[PDB]
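Single-structure report; data block below.
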Amino acid sequence: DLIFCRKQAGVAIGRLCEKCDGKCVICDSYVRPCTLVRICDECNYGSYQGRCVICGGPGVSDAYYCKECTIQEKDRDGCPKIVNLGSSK
Amino acid sequence: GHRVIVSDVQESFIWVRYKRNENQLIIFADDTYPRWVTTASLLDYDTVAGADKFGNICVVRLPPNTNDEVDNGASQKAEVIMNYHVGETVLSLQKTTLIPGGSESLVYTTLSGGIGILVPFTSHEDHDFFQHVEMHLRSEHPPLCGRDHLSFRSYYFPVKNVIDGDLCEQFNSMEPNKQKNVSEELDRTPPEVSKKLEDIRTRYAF
Amino acid sequence: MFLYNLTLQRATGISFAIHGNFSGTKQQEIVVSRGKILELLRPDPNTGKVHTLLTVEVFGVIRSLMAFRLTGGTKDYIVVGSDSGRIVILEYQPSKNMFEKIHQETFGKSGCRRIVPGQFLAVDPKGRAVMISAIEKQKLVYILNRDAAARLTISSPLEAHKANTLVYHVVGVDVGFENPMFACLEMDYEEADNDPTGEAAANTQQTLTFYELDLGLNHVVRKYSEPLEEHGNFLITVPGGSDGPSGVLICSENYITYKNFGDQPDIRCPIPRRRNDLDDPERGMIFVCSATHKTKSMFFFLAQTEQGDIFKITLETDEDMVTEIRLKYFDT
Amino acid sequence: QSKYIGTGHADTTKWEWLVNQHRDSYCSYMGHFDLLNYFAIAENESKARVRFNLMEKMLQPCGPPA
Amino acid sequence: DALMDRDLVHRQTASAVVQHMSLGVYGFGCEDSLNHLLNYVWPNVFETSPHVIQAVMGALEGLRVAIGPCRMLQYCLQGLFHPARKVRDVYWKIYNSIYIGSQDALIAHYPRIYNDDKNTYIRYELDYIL
Amino acid sequence: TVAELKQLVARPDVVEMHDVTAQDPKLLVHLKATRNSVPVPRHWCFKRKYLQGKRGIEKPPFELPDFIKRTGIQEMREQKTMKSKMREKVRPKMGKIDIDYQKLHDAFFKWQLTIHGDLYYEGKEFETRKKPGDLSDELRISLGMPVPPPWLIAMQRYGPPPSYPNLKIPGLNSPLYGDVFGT
Amino acid sequence: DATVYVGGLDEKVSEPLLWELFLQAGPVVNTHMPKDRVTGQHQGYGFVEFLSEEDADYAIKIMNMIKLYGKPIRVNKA
Amino acid sequence: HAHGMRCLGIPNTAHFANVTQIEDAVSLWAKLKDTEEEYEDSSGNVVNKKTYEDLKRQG
RNA sequence: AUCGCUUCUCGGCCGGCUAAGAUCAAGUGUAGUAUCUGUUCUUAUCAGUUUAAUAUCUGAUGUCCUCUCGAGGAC
Ligand SMILES: [Zn+2]
Ligand SMILES: [Zn+2]
Ligand SMILES: [Zn+2]
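Chains as they are written, first to last, in my numbering: chain U, 517 to 605; chain D, 258 to 463; chain H, 474 to 805; chain W, 20 to 85; chain P, 432 to 561; chain X, 619 to 801; chain Z, 6 to 83; chain C, 6 to 64.
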């Protein structure tokens, strides 16, 4: 019902809302923000400008990856903007 | 003059002592890893150094408890005490003292045309200091391609007990704010740091 | 036990060389690549003594290297094809006597891979879009445009993905102020895997395909395909538009072929052999690499065999239609 | 996983697994300047001709399937 | 004591500990004891409980990066072709997890596999000797 | 045939009952015997789901490493009425442990398994590592011999045991230090 | 012969030093050393089932050399 | 089982802990189960130790 | 000395009255797992599916003729 879109990673910076603000996306954790999130403008566009990567609210900050997902190199896969398995809006 | 070190093309080192009276060839130990071996060298009686066709340098030491006379695929083995990826294939390994009045050291050429050395630490102080060097340097001065240093030296095998000198020397090329601020994170001064890395090079080599 | 490592003699082996103007000077600085090392040399117009302005170690395996320029631009950047999943655009600051990291982009995983780009590297003569490619399955494109301040900004990637396709070489193509073209040597093994007989091992020719980037549609579509008669190892840009015809040279076993589109028919010439050779006749020949000599007056090419034989490659054209090709023995 | 080439599964055959590790070895050879140079030294050819023979052996290796 | 199972949650949580430890210690030369712990980790590979299987997955991934692939693969070889379907399902899942990352460094560690009639399974490049 | 398949391997012992049903035995024969690789765990074909609590009910709860034992925290940790608990909130007392920060800056620095060839499986604890030639301390005490165990004097006369044929015990065909008098 | 009867023992002995004790000779496959419930203590006599009979006849020959708590141990066929 | 094996001449070890039929383990057990002492004429580099000792007794 | 009775002595098992004095704490949902209890296959044989092998699932009870499942005859 909820899974990654995994379109090619662009240069656009990730945007998280109030709620999701502190979370590293994949590890679900708050620890050691280090690197930065990138998603395609196909996932981030228009009404998605400054949109949350998750809930669909306005982004108040930018997501940072953990060090855990860093060494395991998961941050380099397709754009980790969750799509519900209906549309994205 | 006592034992004999076999180097497999694939399964690496086989410790073989020749019993003189029985004339038998005796395999009493082997490696815990497969490694494609170019050539070997003896740091001492109980240690062996070896290079990979892929351009790795390993050092494997016997346990002091080894059984010198004996009779899955082995009985007792030897722990691997060092793994370092040069990134360049090494066709010879020779231990020697480079300069007169200098400290004994280890020598490796490579196929790329480079010649370099490995050196032991005589103190834990320079040890831990160079450790912090490598640490704050890495994140504060990443490698140029964006490739990570640690992985690149851990490339085939994870790094064990090696400090990379060529990263430590880049302290010179950083901006004065990098040089200084990092020296503060090191609680030293750029002259202190710089000369202290000149120490090892000077004392051991040119 | 612990070991501190020192280099003493840095490797003299040179894998790649690229010549561009990196200081904004009329002189040409030569950026060469030692095995793990990035290196910058300055030859002298008069004495020719080669000055080494910079030597730096990147702590990563260099894969391919290319230099480029913004259109009509004054200066030249560097593109570093690397073993990581990151392409990086570099600029050498003449003052600071060291490189700066201009752009860092992460397209995928780490280390030399089968499917991960960085292997082959090509770029447009006008420097609009740089194309990066792996050996198989992934060919990506980054579009470049200078900012409002005329400082270089990189776009978002694109995707050329074509399943089960081996890429021999990728070379930039010359189309002046057009939708850019790219020459990708390809081959398909999917014919070979499903053919238990082994027929597809033979009777399978490597497909030459020209991809067309399109700015307006902002994707990369397959456009041109011809089957290549015999397998060539690499391709060569032929400057088009104003200077010369727009096409590609193809260095193939015992042959070179100018092979181009429009109505342009292919032109083949054999690779000349030396009189009274002592080598096994069963050993053929190809070309190793080529350095194009491009002049406001004319242009030509330089080729070399295994045996070290450099030829000057020339084009005989009727307007934009090349009728034949002339190769004179140059030197060795 | 599927779209990531080299992905295995429970039904994976010998032939496919070994031809995989072959092709990956060859991409490593194309990758590392040195090891390539070692090959050129041992069997005398150009760097070029080496890489060319490898690129010929990419699809074939082990030969036909079963 | 914990990884040796009183009840599944012990194996799970302890395994998570092995994970975060395994990412944290990386590169500092402690791998030995992590190998020892990997022994006791290894039997837990088999189960259908989602949380313990995904836990064990994270575990063996961190252990992959810390120990290095060679040792992993040396535990994952025999399981690939084993007759049963279960063992193949799992060991192939593992072997994939080991395969995607560090695919570049695996080359050396594929063992020697003899060549049959129709196919040549020996890679002779590594046997070229100066 | 499972018979003749055993002639094609350097260590055919690796071939087992269900091995002959493998989709590719002509390989698995060559893998399973690979040099340093380790066997698959045995808990399958046992339907018991990898464990039961038979032997696991006689185990100790836990025992600390000696480095942590010398510290002295063990005695500090050890009860309370409810109103004493709400008094413990109103009263409250501080510093019950009162640890020495010198000591816990000392132990883990100043003071402070298995190799790769082993892997754990369900029931295995002690046995492999009491064998012919190897006994426990106390039973030495009941036996009362000062530093062969004396019925390996009769393992001289009557012969080597049928049960453990590979046997060697000290002084006879096995040319011994501490406890272990045979291997 | 697969089983033996063992008399004259001290309760500090248990099924474990019998396990260990007779496998010194040859492995005890099935051990039986009664625990008496009522007073919670052992009378000290044992029954041992082996792999096959040869183990146990050698066991008749060698077996009665064991001395449990300074004292004599009976082993005979059964 | 071990009595049948060992008395049959097929030694008792794991190696054989699979097959039942008497025949096949016989070929399996068949599957289970040279120095040069340099004579003075420089031709004895093919000559065995014991042979050259016999030529010691002859010499 | 014995039997019976008794006395003494020793040993072993071996929380007040009142109106009962008065009064009396529970969140939800999405997924998912574990652990208890209860109940079912003496089926014989073969063929197929299926399993690592089992297991499981799926189908029928030597043929022909005559007489009233049984008997006889020819195979
Ligand atoms: Zn997308
Ligand atoms: Zn949110
Ligand atoms: Zn994370």
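C-beta atoms are modelled at their ideal positions from N, C-alpha and C, and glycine is treated no differently.
- Of the residues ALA528(U), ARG531(U), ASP537(U) and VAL541(U), which one's Cα is nearest the Cα of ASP591(U)? Taking the first residue of the first sequence as position 1, residue 591(U) is located at position 75. Residue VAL541(U) is the option with its Cα nearest to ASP591(U).
- Query: Whose C-alpha, out of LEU439(P), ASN466(P), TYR552(P) and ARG437(P), is nearest the C-alpha of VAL449(P)?
  - Reply: Position 18 of the fifth sequence, counting from 1, holds the residue named residue 449(P). Minimum Cα distance to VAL449(P) is reached at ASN466(P).
- Per DSSP, the bridge partner or partners of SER606(H): For the purposes of this step, residue 606(H) is taken as residue 133 along the third sequence, with counting starting at 1. Assignment of beta-bridge partners to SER606(H) by DSSP yields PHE593(H) and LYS612(H).
- Using a threshold of 8 Å, state whether the C-beta atoms of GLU54(Z) and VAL34(Z) are closer than that. Within the seventh sequence, residue 54(Z) is the residue found at index 49, counting from 1. Within the seventh sequence, residue 34(Z) is the residue found at index 29, counting from 1. For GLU54(Z) and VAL34(Z), yes; Cβs fall inside 8 Å.
- List the residues of chain X that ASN546(P) touches, going by C-beta distances under 7 Å, in chain order. Working through the fifth sequence from its first residue, we reach residue 546(P) at position 115. Going along chain X, no residue has its Cβ under 7 Å from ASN546(P), so there is no contact; the nearest lies around 11 Å.
- List in chain order: all unbroken alpha helix (DSSP H) runs of 4+ residues lying wholly within the segment 696-731 of chain X. List check, alpha helix (DSSP H) in window: 700-708.
- So is the beta-carbon of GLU558(U) under 7 Å away from any non-hydrogen atom of ligand 1? As a position in the first sequence, residue 558(U) is number 42, starting the count at 1. Flag set: Cβ of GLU558(U) near ligand 1.
- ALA640(X) to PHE512(P) span [Cα, whole Å]: Taking the first residue of the sixth sequence as position 1, residue 640(X) is located at position 22. Taking the first residue of the fifth sequence as position 1, residue 512(P) is located at position 81. Going by the C-alpha atoms only, they are around 8 Å apart.
- Query: Does ligand 2 have even one heavy atom less than 7 Å from the beta-carbon of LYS66(W)?
  - Reply: On the fourth sequence, position 47 is the one that residue 66(W) refers to. Result no, Cβ not under 7 Å from ligand 2.
- Item | Within the segment 679-760 of chain H, ranges of the beta strand (DSSP E) (whole runs, at least 3 residues) | Every unbroken stretch of the beta strand (DSSP E) spanning 3 or more residues and falling wholly within the segment 679-760 of chain H is given here in chain order: 680-687, 692-700, 705-711, 720-725, 728-732 and 740-743.
- Message: Distance cutoff 8 Å, beta carbons only. Does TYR50(Z) sit that close to anything in chain X?
- Response: By 1-based counting over the seventh sequence, the position of residue 50(Z) is 45. Proximity of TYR50(Z) to chain X, defined by a Cβ-Cβ separation below 8 Å, is not satisfied.
- Query: In the structure shown, what three-state DSSP assignment does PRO377(D) receive?
  - Reply: Here residue 377(D) is taken as the residue at index 120 of the second sequence, counted from 1. Correct three-state label for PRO377(D): strand.
- How would you list, in chain order, the residues of chain P whose beta-carbon sits under 8 Å from the beta-carbon of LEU37(W)? Within the fourth sequence, residue 37(W) is the residue found at index 18, counting from 1. Scanning chain P for C-beta atoms nearer than 8 Å to the C-beta of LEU37(W) yields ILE544, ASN550 and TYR552, reported in chain order.
- Report yes if the C-beta distance between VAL721(H) and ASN733(H) is below 8 Å; otherwise report no. Stepping through the third sequence from its first residue, residue 721(H) is reached at position 248. Stepping through the third sequence from its first residue, residue 733(H) is reached at position 260. Result yes, Cβ atoms of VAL721(H) and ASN733(H) sit closer than 8 Å.
- Message: Strictly below 9 Å CB to CB, what residues from chain X border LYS310(D)?
- Response: Sequence index remark: in the second sequence, residue 310(D) carries index 53 (1-based). Against chain X, a Cβ distance below 9 Å from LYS310(D) picks out nothing, because the smallest value is about 18 Å.
- Buried or exposed: which applies to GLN40(W), given that a residue is buried once 16 or more other Cβ atoms fall within 10 Å of its Cβ? The count along the fourth sequence starts at 1 and reaches residue 40(W) at position 21. The Cβ neighbour count for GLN40(W), taken over all protein chains shown within 10 Å, is at least 16; the residue is labelled buried.
- Could you check what DSSP says for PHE463(D) in three-state terms: helix, strand or coil? Position 206 of the second sequence, counting from 1, holds the residue named residue 463(D). In this structure, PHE463(D) counts as coil in the three-state DSSP scheme.
- Along the chain, where does the alpha helix (DSSP H) that runs through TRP272(D) open and close? The residue labelled residue 272(D) in the question sits at position 15 within the second sequence. It is not in any alpha helix (DSSP H) - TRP272(D) instead sits in the beta strand (DSSP E) that spans 270-275.
- Item | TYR580(U) Cβ short of 7 Å to ligand 3 heavy atom set | For this step, residue 580(U) is matched to residue 64 along the first sequence. No.
- Residue from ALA462(D), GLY258(D) and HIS259(D) whose Cα sits closest to the Cα of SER362(D): Translated into the one-based positions of the second sequence, residue 362(D) becomes position 105. Residue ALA462(D) is the option with its Cα nearest to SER362(D).
- Item | Neighbour flag for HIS384(D) against chain H, beta carbons, 8 Å | Here residue 384(D) is taken as the residue at index 127 of the second sequence, counted from 1. Yes, contact with chain H.
- Step through the CB atoms of chain P and report whether any lies within less than 8 Å of the CB of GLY584(H). On the third sequence, position 111 is the one that residue 584(H) refers to. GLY584(H) counts as touching chain P.
- Query: If you measure from the beta carbon of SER629(H) to each beta carbon in chain U, is any gap under 8 Å?
  - Reply: Within the third sequence, the letter at position 156 stands for residue 629(H). So, interface residue.
- Look up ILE538(P) in the DSSP assignment and say whether it is helix, strand or coil. Position 107 of the fifth sequence holds residue 538(P). Helix at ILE538(P).
- Query: Among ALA331(D), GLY307(D) and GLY371(D), which one has its Cα closest to the Cα of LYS352(D)?
  - Reply: As a working mapping, residue 352(D) is identified with position 95 in the second sequence. With respect to the C-alpha of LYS352(D), the residue from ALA331(D), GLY307(D) and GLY371(D) having the closest C-alpha is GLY307(D).
- Quick one, which residues of the segment 566-595 of chain U are near chain H if we go by CB-CB under 9 Å, in chain order? Under the 9 Å Cβ criterion, the segment 566-595 of chain U contributes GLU589, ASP591, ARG592 and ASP593.
- Message: If I measure Cβ to Cβ from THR586(U) and keep anything under 8 Å in the same chain, skipping five residues before and after, which residues do I get?
- Response: In the first sequence, counting from the first residue as 1, residue 586(U) sits at position 70. Scanning its chain for C-beta atoms nearer than 8 Å, with the 5 sequence neighbours on each side dropped, one finds around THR586(U) the residues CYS550 and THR551, in chain order.
- Task: Tell me the start and end of each unbroken alpha helix (DSSP H) in the segment 629-689 of chain X that is at least 4 residues and wholly inside, in chain order.
- Result: Runs of the alpha helix (DSSP H) inside the segment 629-689 of chain X: 643-650 and 684-687.
- Residue-chain proximity (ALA621(X), chain C), Cβ-Cβ < 8 Å: Taking the first residue of the sixth sequence as 1, we reach residue 621(X) at position 3. Chain C, which has a Cβ nearer than 8 Å to the Cβ of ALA621(X), makes this yes.
- Message: Using 8 Å as the threshold, is the C-beta distance between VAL52(C) and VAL620(X) below it?
- Response: Residue mapping note: residue 52(C) aligns to position 47 of the eighth sequence, counting from 1. Residue mapping note: residue 620(X) aligns to position 2 of the sixth sequence, counting from 1. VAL620(X) sits away from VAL52(C), with the two beta carbons spaced by 8 Å or more.
- Item | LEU37(C), enclosing alpha helix (DSSP H) - first and last residue | Mapped onto the eighth sequence, residue 37(C) falls at position 32. Per DSSP, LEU37(C) is one residue of the alpha helix (DSSP H) stretching across 29-37.
- Task: Answer yes or no: do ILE627(H) and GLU578(H) have a C-beta to C-beta separation smaller than 8 Å?
- Result: For this step, residue 627(H) is matched to residue 154 along the third sequence. For this step, residue 578(H) is matched to residue 105 along the third sequence. Between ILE627(H) and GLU578(H), the C-beta gap is smaller than 8 Å, which places the two residues in contact.
- Item | Straight-line gap, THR304(D) to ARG458(D) (C-alpha atoms, nearest Å) | Within the second sequence, the letter at position 47 stands for residue 304(D). Within the second sequence, the letter at position 201 stands for residue 458(D). Approximately 24 Å, taken between the alpha carbons.
- Message: Between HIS37(Z), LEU56(Z) and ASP60(Z), which has its C-alpha nearest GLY12(Z)'s C-alpha?
- Response: Mapped onto the seventh sequence, residue 12(Z) falls at position 7. That would be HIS37(Z), whose Cα lies nearest to the Cα of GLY12(Z).
- Query: Contact check, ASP597(H) vs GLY545(H) under 8 Å by CB: the rounded distance?
  - Reply: If you number the third sequence from 1, residue 597(H) lands on position 124. If you number the third sequence from 1, residue 545(H) lands on position 72. About 13 Å; that fails the 8 Å criterion.
- Give the residues of chain W in contact with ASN706(H), contact being defined as C-beta atoms less than 7 Å apart. Mapped onto the third sequence, residue 706(H) falls at position 233. Residues of chain W passing the Cβ test: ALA67 and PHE71.
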